[PDB]
Amino acid sequence: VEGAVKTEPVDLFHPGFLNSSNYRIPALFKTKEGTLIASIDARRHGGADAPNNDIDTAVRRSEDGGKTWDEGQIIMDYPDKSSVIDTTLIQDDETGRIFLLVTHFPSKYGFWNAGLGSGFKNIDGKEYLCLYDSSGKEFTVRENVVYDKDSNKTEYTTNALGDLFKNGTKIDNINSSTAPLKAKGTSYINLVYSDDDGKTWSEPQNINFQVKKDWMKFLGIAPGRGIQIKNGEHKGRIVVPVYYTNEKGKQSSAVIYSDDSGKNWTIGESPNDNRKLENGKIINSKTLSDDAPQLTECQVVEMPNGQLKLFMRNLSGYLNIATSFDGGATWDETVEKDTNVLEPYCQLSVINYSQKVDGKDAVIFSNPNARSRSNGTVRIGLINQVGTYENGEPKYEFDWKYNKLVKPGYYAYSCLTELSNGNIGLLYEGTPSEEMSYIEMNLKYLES
Ligand SMILES: CC(=O)N[C@H]1[C@H]([C@H](O)[C@H](O)CO)O[C@@](O)(C(=O)O)C[C@@H]1O
Ligand SMILES: [Ca+2]
Ligand SMILES: [Ca+2]
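Going by the UniProt record's numbering, the first residue of the sequence shown is number 243, and it counts up by one from there.
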């Protein structure tokens with residue numbers, strides 16, 4: 243229709259960009275300055291997940307609203323098939339700091355074979371990364387100095403990237419397959435930040451010691467974006483979707499969050515903790531032993547009063563939505579199944595939108611609208627209060643009033659952003675692991 247905008251796709255990442263053969267897992271975010279940041283996995287040896295790859299994190303920026311993009315940079319690169327996989331972007335509006343978080347595995351490890359726990363040990367009230375030698379002896383890293391089990395200083399030190407130094411000379415990296423001292427083979431959550439609008443980034447912080455429990459095997463970023471709460475008692479809290487497995491391998495979603503501008507982090511409960519299933523059975527993420535109630539990758543949005551909604555990948559075939567009254571610390575016992583939105587067991591994107599649509603607060607949603615990874619569809623969901631919970635809190639559901647096919651054929655992971663002009667940017671997997679496509683759409687298009 244006249245005035246509708248749906249730009250022709252641009253291959254924002256593609257084979258050969260930054261000398262990477264493959265790409266997957268988009269994240270897209272507009273900074274407070276108006277810059278678009280796109281992050282992605284630069285998968286160097288094909289499309290496969292860790293551990294069958296060597297994956298780096300790449301970033302591109304656009305200062306002109308997505309019309310032109312920079313030459314990119316690699317911001318995290320570990321050696322020897324140690325991978326960083328699944329990025330997420332968020333910003334602290336009060337400081338201007340941009341955060342990127344990602345899951346990190348040492349060489350040989352990934353989702354399926356992650357070891358139990360954080361990889362840290364408490365010594366006299368501080369958490370220290372453990373290292374292991376060839377015989378299984380345990381060491382700790384204390385302010386980047388390696389101590390043996392008897393609390394004697396060794397000749398080894400580390401840095402934030404895991405390089406291993408013997409008397410100040412680099413000999414290996416604790417994430418490699420060859421180092422004489424290795425980190426535990428499990429997932430770690432890495433955090434980097436930028437104070438210059440994404441131009442430069444810090445070296446990673448390993449926040450596992452704060453967010454990963456002793457009974458979790460995998461704990462990973464749920465890729466896409468986070469939020470900063472705008473309304474209510476938890477205003478300012480930075481919320482980052484995650485998911486984990488228990489000792490039985492079963493997956494549950496959650497959020498990690500920070501009340502101090504990213505300095506310290508906490509993991510909240512899962513919606514699977516004290517979840518009431520359809521006919522009244524109560525489960526818990528620690529004990530979940532069945533595949534059917536699993537909740538995996540997820541993205542979060544905020545309701546007008548500050549209530550959180552966690553949109554989750556799951557095994558029901560349809561969207562699942564959890565509700566939190568307390569800023570992501572806990573969730574209501576009922577997980578909604580929204581049978582108006584197919585969910586083929588794939589990542590999804592959902593964002594708040596800044597302007598009302600048809601008199602209602604609205605969200606924008608993207609996923610493959612099928613029983614397979616196809617029929618990529620962007621939706622406008624109008625928020626309606628439908629009653630109240632027993633505790634008096636408002637109960638909100640979505641009216642998926644506008645639903646637009648944007649990508650016939652293959653469509654897998656995606657990430658949305660609102661643009662400075664009120665339009666919508668979208669970065670999506672329109673191929674399995676090669677070209678990653680960026681488009682801009684306006685609401686005239688989406689509503690047509
Ligand atoms: C850390 C990791 O493996 N992340 C990968 C996840 C997990 O394997 C599943 O969510 C486990 O259930 O799934 C993908 O394979 C997928 O479905 O396309 C891509 C993503 O990079
Ligand atoms: Ca690498
Ligand atoms: Ca609960």
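All C-beta atoms, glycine included, are put in the ideal place defined by N, C-alpha and C.
Candidates the options, of which the one nearest residue i by Cα
{"i": "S679", "options": "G510, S690, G667", "result": "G667"}
{"i": "residue 692", "options": "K272, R286, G245, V247", "result": "One cannot answer for residue 692 here, as it falls past the ends of the chain, which runs 243 to 690."}
{"i": "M458", "options": "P348, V497, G359, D501", "result": "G359"}
{"i": "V484", "options": "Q452, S500, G462", "result": "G462"}
{"i": "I340", "options": "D405, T273, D515", "result": "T273"}
{"i": "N526", "options": "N488, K424, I498", "result": "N488"}
{"i": "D253", "options": "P546, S675, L688, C540", "result": "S675"}
{"i": "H256", "options": "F271, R302, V247", "result": "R302"}
{"i": "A425", "options": "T619, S349, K579", "result": "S349"}
{"i": "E511", "options": "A564, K472, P546", "result": "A564"}
{"i": "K441", "options": "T249, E677, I279, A654", "result": "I279"}
{"i": "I471", "options": "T538, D439, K454, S566", "result": "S566"}
{"i": "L658", "options": "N633, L647, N609", "result": "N609"}
{"i": "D437", "options": "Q536, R266, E275, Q589", "result": "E275"}
{"i": "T310", "options": "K368, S324, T249, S325", "result": "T249"}
{"i": "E475", "options": "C540, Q493, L550, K454", "result": "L550"}
{"i": "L423", "options": "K395, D392, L403, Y374", "result": "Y374"}
{"i": "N473", "options": "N514, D568, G504", "result": "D568"}
{"i": "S662", "options": "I267, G245, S262, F271", "result": "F271"}
{"i": "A402", "options": "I449, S393, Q589", "result": "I449"}
{"i": "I431", "options": "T330, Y631, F640, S419", "result": "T330"}
Sequence-distant residues of its chain with Cβ nearer than 6 Å to residue i (five each side left out)
{"i": "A300", "result": "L260, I282, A284, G314, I316"}
{"i": "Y435", "result": "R339, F341, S444"}
{"i": "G288", "result": "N264"}
{"i": "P546", "result": "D603"}
{"i": "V648", "result": "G618, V620"}
{"i": "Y351", "result": "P293, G427"}
{"i": "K412", "result": "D405"}
Buried versus exposed call for residue i [16 or more other C-beta atoms within 10 Å across all chains shown]
{"i": "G410", "result": "exposed"}
{"i": "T337", "result": "exposed"}
{"i": "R613", "result": "exposed"}
{"i": "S690", "result": "exposed"}
{"i": "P293", "result": "buried"}
{"i": "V243", "result": "exposed"}
{"i": "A421", "result": "buried"}
{"i": "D414", "result": "buried"}
{"i": "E585", "result": "buried"}
{"i": "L685", "result": "buried"}
{"i": "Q333", "result": "buried"}
{"i": "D600", "result": "exposed"}
{"i": "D298", "result": "buried"}
{"i": "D328", "result": "buried"}
{"i": "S656", "result": "buried"}
{"i": "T400", "result": "buried"}
{"i": "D296", "result": "buried"}
{"i": "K598", "result": "exposed"}
{"i": "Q627", "result": "exposed"}
{"i": "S494", "result": "buried"}
{"i": "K492", "result": "buried"}
Cβ-heavy atom distance, residue i to ligand 5, below 7 Å
{"i": "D580", "result": "As for ligand 5, it is missing from this structure, which binds only ligand 1, ligand 2 and ligand 3."}
Residues near residue i by beta carbon distance below 7 Å, same chain, minus five either side
{"i": "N516", "result": "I524, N526, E575"}
{"i": "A534", "result": "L557"}
{"i": "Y595", "result": "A604, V605, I606, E660"}
{"i": "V583", "result": "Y560, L561, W642"}
{"i": "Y370", "result": "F362, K363, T382, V383, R384"}
{"i": "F451", "result": "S360, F362, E369"}
{"i": "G651", "result": "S616"}
{"i": "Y587", "result": "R555, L557"}
{"i": "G570", "result": "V481, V497, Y499, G510, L550"}
Chain D contact for residue i (CB, 8 Å cutoff)
{"i": "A280", "result": "Of the protein chains in this structure there is only one, and it is not chain D."}
8 Å CB neighbourhood of residue i in its chain, flanking five on each side removed
{"i": "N355", "result": "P293, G427"}
{"i": "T277", "result": "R303, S304, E305, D439, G440"}
{"i": "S376", "result": "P422"}
Q) Residues with a Cβ closer than 7 Å to any heavy atom of ligand 3, in chain order? A) Residues lining ligand 3 by the Cβ criterion, that is a Cβ closer than 7 Å to any of its heavy atoms, are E511, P513, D515, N516, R517, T572, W573, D574, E575 in chain order.
Q: Enumerate, from N- to C-terminal direction, the unbroken alpha helix (DSSP H) stretches of 4 or more residues contained entirely within the stretch 423 to 473.
A: Counting only runs of 4 or more residues that sit fully inside the stretch 423 to 473, the alpha helix (DSSP H) segments are 450 to 453, in chain order.
**Q.** Secondary structure, beta strand (DSSP E): runs of 3+ residues fully inside the stretch 601 to 643
**A.** Entirely contained in the stretch 601 to 643, the beta strand (DSSP E) runs reaching 3 residues are, in chain order, 604 to 610, 616 to 630.
Q | 4 or more residues per run - each alpha helix (DSSP H) lying fully within the stretch 483 to 571 | A | Qualifying alpha helix (DSSP H) stretches: none in this window.
Q: Kindly provide the ranges of any beta strand (DSSP E) runs that are 3 or more residues long and lie completely inside the stretch 327 to 378, ordered along the chain.
A: Listed in chain order, they are 340 to 347, 362 to 365, 368 to 374.
Q: Ignoring anything shorter than 3 residues or poking outside the stretch 280 to 307, list the beta strand (DSSP E) runs there in chain order.
A: When DSSP assignments are scanned along the stretch 280 to 307, the uninterrupted stretches of beta strand (DSSP E) that are 3 or more residues long and fall wholly within it turn out to be 297 to 304.
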